[PDB]
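Values below: every heavy atom of this structure, side chains too, minus hydrogens, waters and symmetry copies. Chain letters run A, B, ... following the sequence lines, proteins first, then strands; residues in each count from 1.
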Amino acid sequence: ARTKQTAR
Amino acid sequence: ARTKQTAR
Amino acid sequence: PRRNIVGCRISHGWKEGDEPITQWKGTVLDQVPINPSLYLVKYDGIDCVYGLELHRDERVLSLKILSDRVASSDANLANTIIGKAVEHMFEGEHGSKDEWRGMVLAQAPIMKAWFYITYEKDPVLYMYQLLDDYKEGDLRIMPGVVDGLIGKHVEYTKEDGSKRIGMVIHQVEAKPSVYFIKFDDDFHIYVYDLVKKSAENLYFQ
Amino acid sequence: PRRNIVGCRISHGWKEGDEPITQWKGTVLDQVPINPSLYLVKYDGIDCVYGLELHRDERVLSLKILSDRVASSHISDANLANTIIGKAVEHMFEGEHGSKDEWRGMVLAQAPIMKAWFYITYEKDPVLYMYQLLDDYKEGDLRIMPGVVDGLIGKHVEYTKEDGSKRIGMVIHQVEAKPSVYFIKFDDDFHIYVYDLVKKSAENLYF
């Protein structure tokens with residue numbers, strides 16, 4: 001599945 | 001087919 | 001509001017001039033965001049979409065909600081006609097051809113089986129269940145965007161010399177050079193494609 | 001006058017605080033009719049939608065229209081798209097420590113311009129995201145789970161902060177497929193916040 005992004 | 005309408 | 005009307009069935013009396021009061025029934029399609037006094041209405045048995053200030057307009061009598069808004073159809077087929085130039089076949093005398101060049105604009109709000117469409121020789125807003133026309137062979141598919149235009153006042157000079165005043169109320173997503181204009185002196189929704197020469201007389205403010 | 005940028009690819013520098021100054025690329029989705037200084041943008045490689053006053057925001061450096069790729073896209077199967085639009089979903093993402101997490105959410109609409117992409121928001125992260133969700137769906141990563149107010153567009157709203165003072169914003173859109181759901185832009189942030197007025201998670205909104 002997709003990887004959650006870090007906040008930028 | 002449909003028929004074009006006049007004003008009321 | 002105490003009671004919403006967008007998406008509801010409504011009825012009201014209509015009193016224009018000194019004609020006998022008649023009764024109208026229809027479905028409220030949309031409340032224009034840039035001018036929320038203005039509503040777009042589809043009246044039963046009437047092809048052209050009405051723009052009416054349903055609360056302000058003195059001709060609108062005894063406005064009633066007949067029933068509240070409810071929940072919401074080949075979308076793939078719908079998508080093949082949306083935004084397309086078309087030849088739309090109507091019937092003239094004794095079933096003869098009465099074919100009109102036009103543009104399918106969008107699926108209508110609320111009444112999703114219905115489509116917004118306008119015509120090159122009659123550039124106002126109509127609604128039909130066009131997939132029925134299509135399946136019957138009566139809709140043939142044929143082979144200028146401005147920043148910040150929504151809400152702008154618009155005018156052009158009439159033949160009479162006077163100015164016709166209105167406002168830009170909507171942009172068509174499938175064809176973004178195409179806008180809806182409501183003029184103060186009429187109930188139709190006028191549809192202009194700003195790419196076309198037929199639009200060059202409009203002045204915006 | 002100024003040139004339209006809606007539906008265009010764009011590029012600009014970005015200078016905020018002491019953060020590294022970088023060059024951004026993206027696609028303009030929307031010029032908000034009720035506040036036309038505000039544009040919604042999908043930036044390349046960034047999942048959350050940005051609301052920016054692109055011509056006024058001092059963080060934006062030298063806005064340019066690009067011509068590197070076609071901006072728009074369309075949906076493969078509109079019927080399939082209609083089965084997920086308006087639905088509560090479990091949207092799978094990889095977990096921080098292995099396995100996958102079900103992120104509870106709501107598919108809101110196909111995005112403008114980038115029509116192969118869908119607007120979606122999440123119970124635990126109620127801002128506006130965009131993904132090509134039919135890809136997730138085909139891979140088994142999107143599962144369907146088994147307060148409307150007229151005249152709200154443009155209304156000012158405030159949200160109660162834990163710090164005690166009010167967060168100030170504006171209602172900019174109503175979701176067609178779920179008309180109790182609205183988009184809100186707050187003055188202090190670029191995210192587009194999504195609220196469902198039928199839910200208790202909205203009781204904190206004051207109009």
Step-by-step side-chain contact (heavy atoms from CB on, under 4.5 Å) determination, C/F115 to C/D133: CA-CA 11 Å; C/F115 292 75; C/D133 304 62; over 6 Å; no

CG of C/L125 to CD1 of C/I181: how many Å apart, nearest 0.5 Å? 13.0 Å

Expected output: side-chain D/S73 to main-chain D/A116 donor-acceptor under 3.5 Å: yes

Are the side chains of C/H170 and C/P33 in touch, meaning some heavy atoms are under 4.5 Å apart? no

After noting the C-alpha distance and the side-chain angles of C/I34 and D/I34, does the key distance pass the side-chain contact (heavy atoms from CB on, under 4.5 Å) rule? CA-CA 6 Å; C/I34 216 67; D/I34 206 66; 3.9 Å; yes

Verdict with supporting geometry, D/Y39 and D/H55, side-chain contact (heavy atoms from CB on, under 4.5 Å): CA-CA 9 Å; D/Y39 302 83; D/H55 299 308; 3.4 Å; yes

Separation between CZ of C/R140 and CZ of C/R101, rounded to the nearest 0.5 Å: 8.5 Å

Can you list everything that forms a ring-ring contact (aromatic ring centres under 6.0 Å, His included) with D/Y129? Sequence neighbours excluded, please. D/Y122

Sub-3.5 Å donor-acceptor pair from the side chain of C/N76 to the main-chain atoms of D/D77, do we have one? no

Contacts satisfying salt bridge (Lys or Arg N to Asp or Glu O under 4.0 Å) that involve residues 49-60 of chain D (not counting sequence neighbours) are D/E16-D/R59, D/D57-D/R59

Of all residues at least two apart in sequence or in a different chain, which pass the ring-ring contact (aromatic ring centres under 6.0 Å, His included) check with C/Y50? C/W24, C/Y43, C/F187

Quick one, C/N4 and C/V28 - any side-chain contact, counting heavy atoms below 4.5 Å? no

Partner set under side-chain contact (heavy atoms from CB on, under 4.5 Å) for C/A174, not counting sequence neighbours: C/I82

Find out whether D/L61 and D/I21 are in side-chain contact, i.e. whether some heavy atom of one side chain is under 4.5 Å from a heavy atom of the other. yes

What heavy-atom pair brings D/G51 and D/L38 nearest, and what distance separates the two atoms? C-CD1, 3.6 Å

In short, C/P123 meets C/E120 closest at the heavy-atom pair CD-O, 4.3 Å

Taking the six-membered ring for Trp, are C/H188 and C/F183 ring centroids under 6.0 Å apart? no

Looking at D/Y195 versus D/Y159, is the centre-to-centre ring distance below 6.0 Å? yes

With the side chain counted from C-beta on, respond yes when D/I144 and D/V107 share a heavy-atom pair under 4.5 Å apart, and no when they do not. no

Inter- and intrachain pairs under side chain to side chain donor-acceptor pair (under 3.5 Å), touching residues 106-115 of chain C, at least two apart: C/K112-D/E176

Does D/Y131 have any ring-ring contact (aromatic ring centres under 6.0 Å, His included) partners at least two apart in sequence or in another chain, and if so, which? D/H91, D/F93

Quick one: does D/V49's side chain get under 4.5 Å of D/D30's, heavy atoms only? no

Contacts of type side-chain hydrogen bond (donor to acceptor under 3.5 Å, both in side chains), residue D/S76, not counting sequence neighbours: none

So does C/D186 get a backbone contact from the side chain of C/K182, meaning a donor-acceptor N/O pair under 3.5 Å? yes

Check the pair D/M106, D/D196 against side-chain contact (heavy atoms from CB on, under 4.5 Å), reporting the backbone distance first and the verdict last. CA-CA 10 Å; D/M106 168 72 54; D/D196 186 344; 5.6 Å; no

Quick one, C/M142 and C/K84 - any side-chain contact, counting heavy atoms below 4.5 Å? no

Suppose we screen for side-chain hydrogen bond (donor to acceptor under 3.5 Å, both in side chains). Which residues come up paired with D/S72, at least two apart in sequence or across chains? none

Nearest atoms (heavy-atom pairs only) where D/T27 meets D/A71: CG2-CB, 4.2 Å

Once rounded to the nearest 0.5 Å, what's the spacing between atom OG of D/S62 and atom CD of D/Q23? 7.5 Å

Rounded to the nearest 0.5 Å, what's the gap from CG on C/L77 to CD1 on C/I81? Could you check? 6.5 Å

Taking atom NZ of D/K25 as the centre, does the number of heavy atoms from other residues, nucleotides or ligands within less than 6.0 Å exceed 12? no

Show me the donor-acceptor pairs within less than 3.5 Å that the side chains of residues 147-156 of chain D make with the rest of the protein, sequence neighbours left out.
unit_1, atom_1, unit_2, atom_2, d
D/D150, OD2, C/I5, N, 2.9
D/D150, OD2, C/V6, N, 3.0
D/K155, NZ, D/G151, O, 3.2

Write down the atom of C/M167, the atom of C/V154, and the distance for their closest heavy-atom approach. N-CG1, 3.7 Å

D/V181 and D/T121, any side-chain heavy atoms less than 4.5 Å apart: no

Residue pair D/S201 / D/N204: nearest heavy atoms and the distance that separates them: O-OD1, 2.9 Å

Could you measure the distance from the CG atom of C/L29 to the CE atom of C/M127? Nearest 0.5 Å is fine. 5.0 Å

Verify the neighbour count for atom OH of C/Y134: are there more than 12 heavy atoms of other residues, nucleotides or ligands below 6.0 Å? no

Distance in Å, C/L130 CG paired with C/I117 CD1, rounded so as to fall on 0.5 Å steps: 5.0 Å

So, using ring-ring contact (aromatic ring centres under 6.0 Å, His included) as the criterion, who are the partners of C/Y116 when residues are at least two apart? C/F180

Which residues pass the side-chain contact (heavy atoms from CB on, under 4.5 Å) test with D/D68, not counting sequence neighbours? D/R9, D/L66

Give a yes or no on whether the backbone of D/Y206 and the side-chain of D/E158 come within a donor-acceptor separation of less than 3.5 Å. no

Should D/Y182 and D/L205 count as side-chain neighbours, where that means a heavy-atom distance under 4.5 Å? no

Suppose we screen for side-chain contact (heavy atoms from CB on, under 4.5 Å). Which residues come up paired with C/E91, at least two apart in sequence or across chains? B/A1, B/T3

